[PDB]
């Protein structure tokens, strides 16, 4: 709840199709980039099923990729920037059978097809030029997380 950075949060009960990740934060006034990782492990070198990476340099854009066995795969990207320097934003990831759907501030933004099984994701990692306000989960079985 208004954590530091980097922020690593275990997903109570694991990640499953149907769930949603709700991120509230603020892009820094001097932001260059930041990322959200759907990681498969606690450690920093853990593989990443879905890497969401907004980049503010040259062509303002967002990069999407997967890291398996320490190797980044084919990079995907949308040459559009839904975030604004110094502005509060609402990032929502919905897990569907075929892909993660990204919605920024209510605006549908992208659909990243699954490369790594959704269920291998155990942690949500956030870091970069932003202020993190909160990370919330919706749907699925909460296991030990109270609500």
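Positions refer to the first chain, counted from 1.
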Seminar exercise, completed: Ranked by mean Cα B-factor in the entry, 23-31 and 117-125, top stretch is 23-31
Exercise. In the PDB record, does 98-106 or 55-63 carry the higher mean Cα temperature factor?
Worked result: 55-63
Exercise. For residue 112, does the deposited CA B-factor place it in the lowest, middle or highest third of the chain?
Worked result: lowest
Seminar exercise, completed: Here the Cα B-factor of residue 83, set against its chain, lands in the third termed highest
For this session: Check where residue 92 lands among this chain's C-alpha B-factors and tell me if it's the lowest, middle or highest third.
Result: lowest
Exercise. Taking the entry's C-alpha B-factors for this chain, is residue 16 in the lowest, middle or highest third?
Worked result: lowest
Exercise. Thinking about Cα B factors across the chain, which third does residue 132 belong to?
Worked result: highest
